[PDB]
Amino acid sequence: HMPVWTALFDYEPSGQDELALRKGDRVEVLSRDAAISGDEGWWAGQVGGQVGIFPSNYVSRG
């Protein structure tokens with residue numbers, strides 16, 4: 001059911017609230033709302049067994 005989003009790039013977290021990404025990970029995107037991520041241009045999601053925020057430009061739909 002949940003839409004497919006793919007990490008375009010590696011992302012190394014700067015905090016425990018940030019999601020680590022590796023290029024080509026399928027990322028479960030949980031919100032695009034800045035009021036939920038707390039940081040304009042950041043989304044919330046789950047990958048790697050962690051939930052957290054990442055910069056929105058790091059994933060693409062499909």
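Values quoted throughout were computed directly from the atomic coordinates according to the rules given, and no laboratory measurement underlies them. Every residue, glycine as well, gets a Cβ built from its backbone with ideal geometry; the counts of neighbours run over all protein chains shown.
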| query | Non-local amide H neighbours of residue 43 (under 5 Å, H modeled in plane, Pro and chain starts lacking H): which ones? | reply | 54, 56
| task | Mind checking the full-extension length gain between residue 33 and residue 46? Use 0.36 nm per residue of separation minus the Cα-Cα distance, one decimal, nm. | result | 3.2 nm
| field | Within the range 3-62, GluC sites (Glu not before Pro) in DSSP loop having at most 14 other beta-carbon neighbours inside 10 Å | value | 40
| query | Which ³J(HN,Hα) values, rounded to whole Hz and listed in residue order, are derived for the range 51-62 from phi using the Karplus coefficients 6.51, -1.76 and 1.60 in 6.51 cos²θ - 1.76 cosθ + 1.60 with θ = phi - 60°, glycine and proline given as x? | reply | 10, x, 10, 8, x, 5, 6, 8, 10, 9, 7, x
| said: If you average 1/r across every pair of different Cα atoms in the chain and take the reciprocal, what Kirkwood value do you get, in Å? | reply: 11.2
